Amino acid sequence: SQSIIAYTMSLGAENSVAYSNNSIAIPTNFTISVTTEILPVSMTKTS
Amino acid sequence: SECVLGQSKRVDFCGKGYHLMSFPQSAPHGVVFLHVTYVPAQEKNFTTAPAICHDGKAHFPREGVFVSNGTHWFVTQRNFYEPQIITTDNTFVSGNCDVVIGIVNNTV
Amino acid sequence: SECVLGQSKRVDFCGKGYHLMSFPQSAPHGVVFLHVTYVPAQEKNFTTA
Amino acid sequence: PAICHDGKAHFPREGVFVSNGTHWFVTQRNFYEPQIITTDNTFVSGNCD
Amino acid sequence: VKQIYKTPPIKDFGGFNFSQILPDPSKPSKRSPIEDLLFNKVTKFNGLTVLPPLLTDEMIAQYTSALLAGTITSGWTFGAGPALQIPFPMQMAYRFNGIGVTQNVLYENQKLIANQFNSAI
Ligand SMILES: *[C@@H]1O[C@H](CO)[C@@H](O[C@@H]2O[C@H](CO)[C@@H](O)[C@H](O)[C@H]2NC(C)=O)[C@H](O)[C@H]1NC(C)=O
Ligand SMILES: *[C@@H]1O[C@H](CO)[C@@H](O[C@@H]2O[C@H](CO)[C@@H](O)[C@H](O)[C@H]2NC(C)=O)[C@H](O)[C@H]1NC(C)=O
Ligand SMILES: *[C@@H]1O[C@H](CO)[C@@H](O)[C@H](O)[C@H]1NC(C)=O
Ligand SMILES: *[C@@H]1O[C@H](CO)[C@@H](O)[C@H](O)[C@H]1NC(C)=O
Ligand SMILES: *[C@@H]1O[C@H](CO)[C@@H](O)[C@H](O)[C@H]1NC(C)=O
Ligand SMILES: *[C@@H]1O[C@H](CO)[C@@H](O)[C@H](O)[C@H]1NC(C)=O
């Protein structure tokens with residue numbers, strides 16, 4: 001039961017933030033994040 | 001030069017996070033990289049201070065932030081919670097106790 | 001990436017001085033920057049070694 | 001990367017530790033200029049293992 | 001920004017006039033005083049027309065402000081991991097340490113630091 005709908009863009013959830021002056025977050029766990037970049041170096045050698 | 005063979009901190013250059021490494025691959029008409037960064041996964045909110053107050057002086061971490069909860073104070077880095085003892089080997093002295101905001105009295 | 005969300009030491013890259021911080025603003029057809037740098041104001045000649 | 005002393009791991013503050021088979025000394029990655037390990041040259045944390 | 005970050009509800013920028021930089025909520029056009037100044041100065045049937053942007057001036061300002069607000073009070077901590085509660089004065093202390101300048105300058109001259117940025121703006 002699909003349809004096409006136009007919407008206002010949210011551009012992502014708003015990250016509601018505020019801060020105190022006596023406490024800072026400090027990491028207990030981390031990850032090794034590996035991603036892939038695909039990049040053009042050369043064009044077909046048209047002659 | 002900066003991610004495969006080194007550790008540049010240019011922001012988001014080889015992906016978001018701190019650069020660790022990068023692995024180039026061949027491709028038709030191009031290059032492929034497997035980019036690797038360090039990104040914090042879980043963090044906790046710790047009471048903190050810029051300095052420890054001792055004999056009227058301010059003892060600053062050489063690097064990092066002081067952890068200041070309960071009955072014990074320590075030194076951690078912004079990128080990792082591994083608390084160290086408050087000694088002259090981990091801290092340095094400058095300024096004073098009337099300068100630092102949040103400075104906490106502790107035996108150094 | 002380097003002056004706004006950062007504080008680059010690229011020399012005089014976003015303006016003369018060491019970058020401390022920078023802030024972008026919207027514009028028709030472009031981006032406006034407020035580039036904040038650290039610049040020595042006073043110095044004195046000390047005998048050194 | 002570390003030496004074991006009094007049950008703790010002692011790490012070069014900067015550099016790598018080297019042994020000539022008689023002594024352990026801090027050297028740097030960019031240059032072999034040996035320093036006897038003392039608390040001025042090494043940082044202590046965790047445990048030896 | 002991975003997601004648009006909110007400008008904190010409490011404008012604790014250490015006395016800095018970020019209200020001149022970030023969008024003014026009281027206006028029908030959500031632009032900052034710096035932006036109003038520029039926008040008021042920087043400006044068919046013959047077959048040549050101009051298409052609209054996807055991201056409107058306000059939408060660009062929302063992404064821009066998220067990056068900007070993060071930059072001034074939290075840096076990149078709203079990106080690479082969960083947000084860090086660094087109060088503006090400590091963010092500034094770290095900001096100076098990060099360029100080889102002692103943190104004592106922030107605390108000893110907190111008022112002059114606040115005034116020089118604002119004066120320059
Ligand atoms: C952040 O700093 C402010 C400014 O000093 C602190 O506000 C003080 O709060 C105490 C506790 O109620 C009051 O007695 C003072 O009058 C306040 N000072 C001012 C200038 O208003 C605030 O406590 C700090 N926030 C945190 C979470 O520590
Ligand atoms: C930031 O700058 C604004 C100017 O846009 C300041 O607003 C002025 O405030 C003074 C006294 O505080 C008033 O006499 C003016 O009428 C205000 N001008 C306008 C246009 O409203 C504001 O005070 C500044 N904020 C800080 C923290 O310095
Ligand atoms: C620390 O507390 C703040 C409250 O403003 C919260 O938003 C934030 O998520 C907390 N940080 C962590 C790592 O839990
Ligand atoms: C810490 O020592 C300082 C000396 O500068 C003093 O002013 C302050 O009262 C002390 N704080 C506490 C909690 O004892
Ligand atoms: C030190 O003396 C030199 C030579 O006149 C001068 O160029 C420099 O500005 C002086 N530095 C000071 C006064 O800090
Ligand atoms: C190793 O160096 C130490 C001093 O660092 C010295 O006492 C010793 O003679 C050296 N051993 C050899 C085999 O050179």
# chains A, B, ... in the order shown; residues from 1 in each chain; ligands from 1
$ select_by_dssp --residues "chain D" --states "strand (DSSP E)" --output "PyMOL selection string"
chain D and resi 3-5+8-12+16-19+24-28+31-36+42-45
$ residues_near_ligand --ligand "ligand 4" --cutoff "7 Å" --atoms "only C-alpha atoms and all ligand atoms" --output "list in words"
residues 53, 54, 55, 56, 57, 97, 98, 104 and 105 of chain B
$ residues_around --residues "segment 31-45 of chain A" --least-positions-apart "3" --cutoff "8 Å" --atoms "only C-alpha atoms" --output "MDAnalysis selection string"
chainID B and resid 15 29:41
$ atom_distance --atom1 "atom CA of residue 13 of chain E" --atom2 "atom CA of residue 88 of chain E"
5.8 Å
$ residues_near_ligand --ligand "ligand 1" --cutoff "6 Å" --atoms "only C-alpha atoms and all ligand atoms" --output "compact mmCIF listing (two decimals) with C-alpha atoms, in the first residue's frame"
# COMPACT_ATOMS: atom_id res chain seq x y z
CA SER A 20 27.06 22.04 33.28
CA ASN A 21 30.59 23.26 34.32
CA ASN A 22 31.56 20.50 36.84
$ atom_distance --atom1 "atom CA of residue 44 of chain D" --atom2 "atom CA of residue 68 of chain B"
20.7 Å
$ atom_distance --atom1 "atom CA of residue 48 of chain D" --atom2 "atom CA of residue 8 of chain D"
4.5 Å
$ residues_near_ligand --ligand "ligand 3" --cutoff "9 Å" --atoms "only C-alpha atoms and all ligand atoms" --output "mmCIF file with N, CA, C and O atoms, in the first residue's frame"
data_model
loop_
_atom_site.group_PDB
_atom_site.id
_atom_site.type_symbol
_atom_site.label_atom_id
_atom_site.label_comp_id
_atom_site.auth_asym_id
_atom_site.auth_seq_id
_atom_site.Cartn_x
_atom_site.Cartn_y
_atom_site.Cartn_z
ATOM 1 N N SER A 16 19.509 17.706 20.952
ATOM 2 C CA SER A 16 19.333 18.660 22.032
ATOM 3 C C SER A 16 20.482 18.538 23.017
ATOM 4 O O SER A 16 20.760 17.460 23.544
ATOM 5 N N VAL A 17 21.161 19.656 23.241
ATOM 6 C CA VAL A 17 22.316 19.721 24.115
ATOM 7 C C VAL A 17 22.234 20.892 25.082
ATOM 8 O O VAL A 17 21.526 21.863 24.847
ATOM 9 N N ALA A 18 22.941 20.759 26.183
ATOM 10 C CA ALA A 18 23.105 21.767 27.212
ATOM 11 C C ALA A 18 24.273 21.303 28.029
ATOM 12 O O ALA A 18 24.609 20.119 27.942
ATOM 13 N N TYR A 19 24.876 22.175 28.820
ATOM 14 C CA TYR A 19 25.943 21.707 29.681
ATOM 15 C C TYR A 19 26.090 22.388 31.023
ATOM 16 O O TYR A 19 25.725 23.553 31.218
ATOM 17 N N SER A 20 26.665 21.621 31.941
ATOM 18 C CA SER A 20 27.064 22.043 33.275
ATOM 19 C C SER A 20 28.559 22.374 33.213
ATOM 20 O O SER A 20 29.190 22.099 32.184
ATOM 21 N N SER A 23 31.342 18.693 35.174
ATOM 22 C CA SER A 23 31.423 17.300 34.731
ATOM 23 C C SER A 23 31.667 17.227 33.237
ATOM 24 O O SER A 23 31.047 17.985 32.511
ATOM 25 N N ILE A 24 32.567 16.331 32.790
ATOM 26 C CA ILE A 24 32.908 16.100 31.367
ATOM 27 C C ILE A 24 32.823 14.603 31.030
ATOM 28 O O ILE A 24 33.236 13.772 31.840
ATOM 29 N N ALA A 25 32.254 14.237 29.875
ATOM 30 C CA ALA A 25 32.249 12.813 29.532
ATOM 31 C C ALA A 25 33.667 12.360 29.177
ATOM 32 O O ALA A 25 34.412 13.111 28.560
ATOM 33 N N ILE A 26 34.052 11.161 29.595
ATOM 34 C CA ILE A 26 35.386 10.641 29.267
ATOM 35 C C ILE A 26 35.194 9.183 28.789
ATOM 36 O O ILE A 26 34.599 8.393 29.532
ATOM 37 N N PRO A 27 35.715 8.767 27.602
ATOM 38 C CA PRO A 27 35.550 7.432 27.027
ATOM 39 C C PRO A 27 35.993 6.210 27.820
ATOM 40 O O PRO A 27 37.111 6.116 28.319
ATOM 41 N N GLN B 42 31.567 4.619 23.858
ATOM 42 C CA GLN B 42 30.824 4.792 25.102
ATOM 43 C C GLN B 42 31.642 5.692 25.982
ATOM 44 O O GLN B 42 32.876 5.568 26.026
ATOM 45 N N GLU B 43 30.965 6.598 26.670
ATOM 46 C CA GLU B 43 31.615 7.525 27.571
ATOM 47 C C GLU B 43 30.739 7.685 28.790
ATOM 48 O O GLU B 43 29.521 7.522 28.706
ATOM 49 N N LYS B 44 31.328 8.028 29.909
ATOM 50 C CA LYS B 44 30.520 8.327 31.091
ATOM 51 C C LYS B 44 30.798 9.754 31.526
ATOM 52 O O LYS B 44 31.881 10.250 31.220
ATOM 53 N N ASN B 45 29.833 10.418 32.210
ATOM 54 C CA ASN B 45 29.928 11.782 32.745
ATOM 55 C C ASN B 45 30.607 11.777 34.118
ATOM 56 O O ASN B 45 30.002 11.296 35.099
ATOM 57 N N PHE B 46 31.852 12.285 34.217
ATOM 58 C CA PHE B 46 32.648 12.308 35.447
ATOM 59 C C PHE B 46 32.779 13.716 35.947
ATOM 60 O O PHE B 46 32.974 14.643 35.166
ATOM 61 N N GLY E 81 31.792 10.374 18.647
ATOM 62 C CA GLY E 81 31.406 9.844 19.955
ATOM 63 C C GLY E 81 30.238 10.669 20.480
ATOM 64 O O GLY E 81 29.717 11.499 19.742
ATOM 65 N N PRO E 82 29.706 10.376 21.678
ATOM 66 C CA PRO E 82 28.611 11.092 22.310
ATOM 67 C C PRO E 82 29.128 12.457 22.759
ATOM 68 O O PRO E 82 30.323 12.615 22.977
ATOM 69 N N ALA E 83 28.229 13.417 22.933
ATOM 70 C CA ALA E 83 28.603 14.775 23.344
ATOM 71 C C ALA E 83 29.302 14.868 24.694
ATOM 72 O O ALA E 83 28.870 14.254 25.669
ATOM 73 N N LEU E 84 30.316 15.743 24.772
ATOM 74 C CA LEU E 84 31.027 15.993 26.021
ATOM 75 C C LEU E 84 30.606 17.280 26.670
ATOM 76 O O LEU E 84 30.592 18.344 26.053
ATOM 77 N N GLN E 85 30.377 17.200 27.965
ATOM 78 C CA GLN E 85 29.986 18.340 28.782
ATOM 79 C C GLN E 85 31.129 19.263 29.139
ATOM 80 O O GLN E 85 31.437 19.458 30.302
#
$ residues_near_ligand --ligand "ligand 2" --cutoff "12 Å" --atoms "only C-alpha atoms and all ligand atoms" --output "ChimeraX atom specification"
/E:11-22,24,32-34,36,111,114-121
$ write_last_selection --atoms "C-alpha atoms" --output "mmCIF file, in the first residue's frame"
data_model
loop_
_atom_site.group_PDB
_atom_site.id
_atom_site.type_symbol
_atom_site.label_atom_id
_atom_site.label_comp_id
_atom_site.auth_asym_id
_atom_site.auth_seq_id
_atom_site.Cartn_x
_atom_site.Cartn_y
_atom_site.Cartn_z
ATOM 1 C CA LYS E 11 23.983 30.844 25.892
ATOM 2 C CA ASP E 12 27.038 30.340 28.059
ATOM 3 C CA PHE E 13 29.739 31.519 25.758
ATOM 4 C CA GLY E 14 31.779 33.185 28.505
ATOM 5 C CA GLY E 15 30.348 36.619 27.779
ATOM 6 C CA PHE E 16 31.007 36.325 24.036
ATOM 7 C CA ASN E 17 28.334 37.910 21.709
ATOM 8 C CA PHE E 18 27.393 34.697 19.774
ATOM 9 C CA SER E 19 23.919 36.178 19.414
ATOM 10 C CA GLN E 20 25.423 38.305 16.600
ATOM 11 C CA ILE E 21 26.740 35.210 14.853
ATOM 12 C CA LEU E 22 23.943 32.632 15.329
ATOM 13 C CA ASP E 24 17.967 35.582 15.658
ATOM 14 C CA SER E 32 22.012 36.490 12.510
ATOM 15 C CA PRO E 33 22.929 40.254 12.497
ATOM 16 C CA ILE E 34 26.125 39.343 10.536
ATOM 17 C CA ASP E 36 21.466 40.351 7.779
ATOM 18 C CA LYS E 111 37.618 39.288 30.934
ATOM 19 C CA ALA E 114 35.868 37.978 26.322
ATOM 20 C CA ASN E 115 36.256 41.617 25.327
ATOM 21 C CA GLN E 116 38.755 41.169 22.478
ATOM 22 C CA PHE E 117 36.618 38.705 20.575
ATOM 23 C CA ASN E 118 33.527 40.844 21.026
ATOM 24 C CA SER E 119 35.353 44.009 20.070
ATOM 25 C CA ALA E 120 36.624 42.378 16.916
ATOM 26 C CA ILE E 121 33.139 41.125 16.009
#
$ residues_around --residues "residue 51 of chain B" --least-positions-apart "3" --cutoff "12 Å" --atoms "only C-alpha atoms" --output "PyMOL selection string"
(chain B and resi 48+54+56-68+73-75+86+90-106+108) or (chain E and resi 90+93+103-104+107)
$ write_last_selection --atoms "N, CA and C atoms" --output "compact mmCIF listing (two decimals), in the first residue's frame"
# COMPACT_ATOMS: atom_id res chain seq x y z
N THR B 48 34.69 16.78 36.96
CA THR B 48 36.06 17.17 36.58
C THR B 48 36.58 18.50 37.08
N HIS B 54 46.92 22.58 45.82
CA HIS B 54 47.85 22.05 46.80
C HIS B 54 48.85 23.12 47.19
N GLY B 56 48.22 26.10 47.95
CA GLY B 56 47.84 27.35 47.30
C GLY B 56 48.15 27.41 45.80
N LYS B 57 48.77 26.37 45.25
CA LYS B 57 49.15 26.34 43.85
C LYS B 57 48.22 25.51 43.01
N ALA B 58 48.21 25.75 41.71
CA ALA B 58 47.38 24.95 40.83
C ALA B 58 48.22 23.93 40.08
N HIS B 59 47.84 22.67 40.26
CA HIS B 59 48.51 21.56 39.63
C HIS B 59 47.65 21.13 38.46
N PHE B 60 48.17 21.36 37.28
CA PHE B 60 47.48 21.14 36.02
C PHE B 60 47.91 19.81 35.46
N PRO B 61 47.11 19.09 34.68
CA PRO B 61 47.51 17.83 34.14
C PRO B 61 48.51 18.22 33.10
N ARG B 62 49.52 17.42 32.81
CA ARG B 62 50.40 17.83 31.72
C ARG B 62 49.61 17.79 30.42
N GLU B 63 48.77 16.77 30.30
CA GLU B 63 47.87 16.58 29.18
C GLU B 63 46.57 16.05 29.77
N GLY B 64 45.43 16.42 29.20
CA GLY B 64 44.17 15.87 29.67
C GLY B 64 43.38 16.72 30.66
N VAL B 65 42.53 16.03 31.40
CA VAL B 65 41.52 16.56 32.33
C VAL B 65 41.61 15.87 33.70
N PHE B 66 41.34 16.58 34.81
CA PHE B 66 41.31 15.84 36.06
C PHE B 66 39.93 15.31 36.33
N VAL B 67 39.90 14.11 36.86
CA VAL B 67 38.71 13.42 37.30
C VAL B 67 38.58 13.77 38.76
N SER B 68 37.43 14.28 39.16
CA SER B 68 37.22 14.76 40.51
C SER B 68 35.98 14.32 41.30
N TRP B 73 41.06 11.72 43.28
CA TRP B 73 41.23 12.57 42.12
C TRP B 73 42.31 11.98 41.25
N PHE B 74 42.13 12.11 39.93
CA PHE B 74 43.10 11.52 39.00
C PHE B 74 43.25 12.25 37.67
N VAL B 75 44.15 11.76 36.83
CA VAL B 75 44.35 12.34 35.49
C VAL B 75 43.97 11.39 34.36
N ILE B 86 47.72 11.58 41.26
CA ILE B 86 48.11 12.99 41.23
C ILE B 86 49.49 13.22 41.84
N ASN B 90 52.80 13.53 36.64
CA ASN B 90 51.66 13.57 35.73
C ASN B 90 51.09 14.98 35.58
N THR B 91 51.42 15.86 36.54
CA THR B 91 50.93 17.23 36.60
C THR B 91 52.09 18.23 36.54
N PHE B 92 51.75 19.52 36.46
CA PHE B 92 52.75 20.60 36.50
C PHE B 92 52.19 21.77 37.28
N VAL B 93 53.05 22.67 37.76
CA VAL B 93 52.52 23.76 38.58
C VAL B 93 52.70 25.14 38.00
N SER B 94 51.60 25.87 37.98
CA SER B 94 51.58 27.25 37.52
C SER B 94 50.32 27.92 38.06
N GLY B 95 50.21 29.23 37.95
CA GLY B 95 48.97 29.88 38.38
C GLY B 95 48.78 29.66 39.88
N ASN B 96 47.53 29.58 40.31
CA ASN B 96 47.23 29.37 41.73
C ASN B 96 45.77 28.90 41.92
N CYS B 97 45.37 28.63 43.18
CA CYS B 97 44.04 28.15 43.55
C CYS B 97 42.94 29.21 43.41
N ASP B 98 43.32 30.47 43.28
CA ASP B 98 42.33 31.54 43.12
C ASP B 98 42.14 31.89 41.64
N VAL B 99 42.84 31.16 40.77
CA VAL B 99 42.78 31.35 39.33
C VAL B 99 41.93 30.27 38.67
N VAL B 100 42.15 29.01 39.04
CA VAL B 100 41.42 27.94 38.40
C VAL B 100 40.00 27.67 38.89
N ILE B 101 39.08 27.63 37.93
CA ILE B 101 37.69 27.36 38.21
C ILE B 101 37.53 25.88 38.48
N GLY B 102 36.95 25.54 39.62
CA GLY B 102 36.75 24.14 39.95
C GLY B 102 37.98 23.47 40.57
N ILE B 103 39.00 24.23 40.94
CA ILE B 103 40.18 23.59 41.49
C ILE B 103 39.86 22.86 42.80
N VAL B 104 40.38 21.64 42.97
CA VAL B 104 40.02 20.83 44.18
C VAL B 104 41.25 20.56 45.03
N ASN B 105 41.18 20.86 46.33
CA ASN B 105 42.31 20.61 47.26
C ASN B 105 42.63 19.11 47.28
N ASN B 106 43.90 18.74 47.03
CA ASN B 106 44.30 17.31 47.12
C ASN B 106 45.81 17.18 47.29
N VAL B 108 49.36 16.29 46.60
CA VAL B 108 50.08 16.04 45.37
C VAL B 108 51.47 15.53 45.73
N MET E 90 36.25 25.73 30.10
CA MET E 90 37.23 24.67 30.00
C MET E 90 37.50 24.40 28.55
N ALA E 93 40.09 26.76 27.84
CA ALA E 93 41.38 26.40 28.39
C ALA E 93 42.05 25.35 27.51
N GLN E 103 47.07 27.60 29.87
CA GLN E 103 45.68 27.79 30.27
C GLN E 103 45.53 28.94 31.24
N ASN E 104 46.65 29.39 31.81
CA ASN E 104 46.62 30.47 32.76
C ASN E 104 46.14 31.72 32.09
N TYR E 107 42.29 31.97 32.45
CA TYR E 107 41.72 32.28 33.73
C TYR E 107 42.14 33.67 34.21
$ residues_around --residues "residue 32 of chain D" --least-positions-apart "6" --cutoff "10 Å" --atoms "only C-alpha atoms" --output "ChimeraX atom specification"
/D:15-16,18,25-26
$ residues_around --residues "segment 6-21 of chain C" --least-positions-apart "6" --cutoff "12 Å" --atoms "only C-alpha atoms" --output "PyMOL selection string"
(chain B and resi 8-12) or (chain C and resi 32-41) or (chain E and resi 67-77+91-101+113+117)
$ write_last_selection --atoms "N, CA, C and O atoms" --output "short mmCIF file (atom, residue, chain, number, x, y, z; two decimals), in the first residue's frame"
data_model
loop_
_atom_site.label_atom_id
_atom_site.label_comp_id
_atom_site.auth_asym_id
_atom_site.auth_seq_id
_atom_site.Cartn_x
_atom_site.Cartn_y
_atom_site.Cartn_z
N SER B 8 47.84 12.10 10.27
CA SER B 8 47.37 13.47 10.20
C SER B 8 46.10 13.60 11.00
O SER B 8 45.35 12.64 11.12
N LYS B 9 45.90 14.77 11.58
CA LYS B 9 44.69 15.06 12.34
C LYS B 9 43.75 15.98 11.58
O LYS B 9 42.83 16.54 12.16
N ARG B 10 44.00 16.16 10.28
CA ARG B 10 43.11 17.01 9.51
C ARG B 10 41.71 16.46 9.68
O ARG B 10 41.45 15.27 9.50
N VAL B 11 40.79 17.33 10.03
CA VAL B 11 39.47 16.85 10.34
C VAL B 11 38.72 16.32 9.15
O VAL B 11 38.64 16.94 8.10
N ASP B 12 38.23 15.10 9.35
CA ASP B 12 37.45 14.28 8.45
C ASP B 12 38.16 13.93 7.15
O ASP B 12 37.56 13.35 6.25
N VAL C 32 30.54 32.85 4.90
CA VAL C 32 31.26 33.92 5.57
C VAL C 32 31.99 33.42 6.77
O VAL C 32 31.42 32.72 7.60
N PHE C 33 33.24 33.77 6.91
CA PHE C 33 33.94 33.32 8.09
C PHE C 33 34.46 34.43 8.98
O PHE C 33 35.00 35.44 8.51
N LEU C 34 34.40 34.15 10.27
CA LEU C 34 35.00 34.91 11.36
C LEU C 34 36.16 34.09 11.86
O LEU C 34 35.95 33.10 12.57
N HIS C 35 37.36 34.46 11.49
CA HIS C 35 38.52 33.64 11.82
C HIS C 35 39.26 34.23 13.00
O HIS C 35 39.66 35.39 12.96
N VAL C 36 39.42 33.44 14.05
CA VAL C 36 40.01 33.93 15.28
C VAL C 36 41.42 33.37 15.48
O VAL C 36 41.61 32.15 15.57
N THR C 37 42.40 34.27 15.60
CA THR C 37 43.76 33.81 15.78
C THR C 37 44.46 34.34 17.02
O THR C 37 44.15 35.42 17.57
N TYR C 38 45.49 33.59 17.41
CA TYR C 38 46.36 33.95 18.50
C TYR C 38 47.60 34.63 17.95
O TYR C 38 48.35 34.05 17.14
N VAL C 39 47.80 35.87 18.38
CA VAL C 39 48.93 36.66 17.92
C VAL C 39 49.67 37.29 19.11
O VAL C 39 49.02 37.89 19.96
N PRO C 40 51.00 37.17 19.22
CA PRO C 40 51.76 37.81 20.30
C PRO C 40 51.52 39.32 20.25
O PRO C 40 51.44 39.91 19.17
N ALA C 41 51.38 39.93 21.42
CA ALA C 41 51.12 41.36 21.53
C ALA C 41 52.33 42.09 22.06
O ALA C 41 52.59 43.23 21.65
N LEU E 67 27.26 23.43 13.43
CA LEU E 67 28.69 23.24 13.40
C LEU E 67 29.36 24.28 14.26
O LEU E 67 30.31 23.97 14.98
N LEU E 68 28.86 25.51 14.18
CA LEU E 68 29.41 26.67 14.85
C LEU E 68 29.28 26.58 16.36
O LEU E 68 30.24 26.85 17.07
N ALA E 69 28.07 26.24 16.84
CA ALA E 69 27.78 26.14 18.25
C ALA E 69 28.63 25.03 18.84
O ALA E 69 29.18 25.17 19.93
N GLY E 70 28.77 23.93 18.08
CA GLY E 70 29.61 22.84 18.52
C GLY E 70 31.03 23.36 18.61
O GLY E 70 31.68 23.29 19.66
N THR E 71 31.49 24.03 17.56
CA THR E 71 32.84 24.52 17.56
C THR E 71 33.19 25.37 18.76
O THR E 71 34.25 25.16 19.37
N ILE E 72 32.31 26.30 19.13
CA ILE E 72 32.62 27.15 20.27
C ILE E 72 32.52 26.48 21.66
O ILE E 72 33.45 26.67 22.47
N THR E 73 31.54 25.60 21.93
CA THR E 73 31.51 25.03 23.29
C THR E 73 31.93 23.56 23.42
O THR E 73 32.32 23.14 24.51
N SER E 74 31.89 22.77 22.35
CA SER E 74 32.21 21.35 22.47
C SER E 74 33.16 20.79 21.39
O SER E 74 33.51 19.60 21.43
N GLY E 75 33.57 21.60 20.43
CA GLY E 75 34.42 21.12 19.36
C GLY E 75 33.73 20.04 18.52
O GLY E 75 32.57 20.16 18.13
N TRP E 76 34.45 18.95 18.30
CA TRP E 76 34.01 17.81 17.50
C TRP E 76 33.44 16.67 18.32
O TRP E 76 33.17 15.58 17.79
N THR E 77 33.19 16.93 19.61
CA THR E 77 32.67 15.90 20.50
C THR E 77 31.21 15.62 20.23
O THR E 77 30.67 14.64 20.71
N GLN E 91 36.51 24.64 27.69
CA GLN E 91 36.74 24.41 26.27
C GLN E 91 37.78 25.40 25.83
O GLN E 91 38.66 25.06 25.04
N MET E 92 37.71 26.62 26.37
CA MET E 92 38.67 27.66 26.05
C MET E 92 40.04 27.32 26.62
O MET E 92 41.05 27.48 25.94
N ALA E 93 40.09 26.76 27.84
CA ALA E 93 41.38 26.40 28.39
C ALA E 93 42.05 25.35 27.51
O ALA E 93 43.24 25.47 27.19
N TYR E 94 41.25 24.40 27.01
CA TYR E 94 41.81 23.35 26.18
C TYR E 94 42.22 23.95 24.85
O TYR E 94 43.24 23.55 24.27
N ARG E 95 41.43 24.91 24.37
CA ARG E 95 41.65 25.60 23.11
C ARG E 95 43.02 26.30 23.12
O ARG E 95 43.72 26.32 22.11
N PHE E 96 43.39 26.90 24.26
CA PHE E 96 44.69 27.55 24.36
C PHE E 96 45.81 26.51 24.51
O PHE E 96 46.85 26.60 23.85
N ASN E 97 45.56 25.45 25.28
CA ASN E 97 46.60 24.44 25.49
C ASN E 97 46.96 23.77 24.17
O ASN E 97 48.13 23.48 23.89
N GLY E 98 45.96 23.62 23.32
CA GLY E 98 46.06 22.96 22.03
C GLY E 98 46.92 23.72 21.03
O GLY E 98 47.30 23.14 20.00
N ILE E 99 47.23 24.99 21.31
CA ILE E 99 48.05 25.79 20.42
C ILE E 99 49.37 26.15 21.09
O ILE E 99 50.10 27.02 20.60
N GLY E 100 49.69 25.48 22.20
CA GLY E 100 50.95 25.73 22.90
C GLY E 100 50.93 26.94 23.82
O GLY E 100 51.98 27.52 24.10
N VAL E 101 49.75 27.36 24.27
CA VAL E 101 49.59 28.51 25.12
C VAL E 101 49.03 28.06 26.45
O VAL E 101 48.07 27.30 26.50
N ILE E 113 39.85 38.39 27.29
CA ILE E 113 39.63 37.45 26.22
C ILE E 113 38.20 37.65 25.73
O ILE E 113 37.97 37.77 24.52
N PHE E 117 37.40 39.34 21.63
CA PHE E 117 36.62 38.70 20.57
C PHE E 117 35.44 39.59 20.24
O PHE E 117 35.20 39.87 19.07
#
$ residues_near_ligand --ligand "ligand 5" --cutoff "12 Å" --atoms "only C-alpha atoms and all ligand atoms" --output "ChimeraX atom specification"
/C:40-47
$ residues_near_ligand --ligand "ligand 6" --cutoff "9 Å" --atoms "only C-alpha atoms and all ligand atoms" --output "PyMOL selection string"
chain D and resi 19-25+34-36
$ write_last_selection --atoms "N, CA, C and O atoms" --output "short mmCIF file (atom, residue, chain, number, x, y, z; two decimals), in the first residue's frame"
data_model
loop_
_atom_site.label_atom_id
_atom_site.label_comp_id
_atom_site.auth_asym_id
_atom_site.auth_seq_id
_atom_site.Cartn_x
_atom_site.Cartn_y
_atom_site.Cartn_z
N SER D 19 67.95 -2.22 25.03
CA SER D 19 68.96 -2.90 25.89
C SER D 19 70.20 -3.23 25.06
O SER D 19 70.03 -3.70 23.92
N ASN D 20 71.39 -3.02 25.62
CA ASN D 20 72.62 -3.46 24.92
C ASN D 20 72.94 -4.85 25.47
O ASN D 20 74.02 -5.38 25.17
N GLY D 21 72.01 -5.40 26.27
CA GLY D 21 72.22 -6.71 26.90
C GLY D 21 72.82 -6.52 28.28
O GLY D 21 72.89 -7.51 29.04
N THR D 22 73.23 -5.29 28.60
CA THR D 22 73.75 -4.99 29.96
C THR D 22 72.89 -3.92 30.63
O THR D 22 72.78 -3.95 31.87
N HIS D 23 72.29 -3.03 29.84
CA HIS D 23 71.52 -1.90 30.43
C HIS D 23 70.30 -1.56 29.57
O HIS D 23 70.37 -1.80 28.36
N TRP D 24 69.25 -0.99 30.18
CA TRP D 24 68.06 -0.55 29.40
C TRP D 24 68.04 0.98 29.37
O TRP D 24 68.18 1.59 30.45
N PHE D 25 67.89 1.58 28.18
CA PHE D 25 67.98 3.06 28.07
C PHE D 25 66.93 3.59 27.09
O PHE D 25 66.71 2.93 26.05
N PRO D 34 70.96 7.23 23.90
CA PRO D 34 70.62 6.53 25.13
C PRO D 34 70.58 7.29 26.45
O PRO D 34 71.55 7.93 26.84
N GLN D 35 69.47 7.09 27.17
CA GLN D 35 69.25 7.66 28.51
C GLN D 35 68.94 6.57 29.54
O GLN D 35 67.96 5.84 29.41
N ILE D 36 69.74 6.45 30.60
CA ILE D 36 69.45 5.44 31.67
C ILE D 36 68.01 5.62 32.18
O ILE D 36 67.63 6.78 32.44
#
$ residues_around --residues "residue 15 of chain A" --least-positions-apart "2" --cutoff "8 Å" --atoms "only C-alpha atoms" --output "PyMOL selection string"
(chain A and resi 13+17) or (chain E and resi 3-6)
$ closest_atom_pairs --of "chain B" --to "chain D" --cutoff "12 Å" --atoms "only C-alpha atoms" --output "Markdown table"
| residue | atom | partner | partner_atom | distance |
| --- | --- | --- | --- | --- |
| B:62 | CA | D:13 | CA | 11.8 |
| B:75 | CA | D:45 | CA | 11.7 |
| B:82 | CA | D:46 | CA | 9.4 |
| B:83 | CA | D:45 | CA | 9.4 |
| B:84 | CA | D:45 | CA | 7.4 |
| B:85 | CA | D:45 | CA | 9.0 |
| B:87 | CA | D:44 | CA | 11.2 |
| B:88 | CA | D:40 | CA | 10.7 |
| B:89 | CA | D:43 | CA | 7.6 |
| B:90 | CA | D:43 | CA | 8.4 |
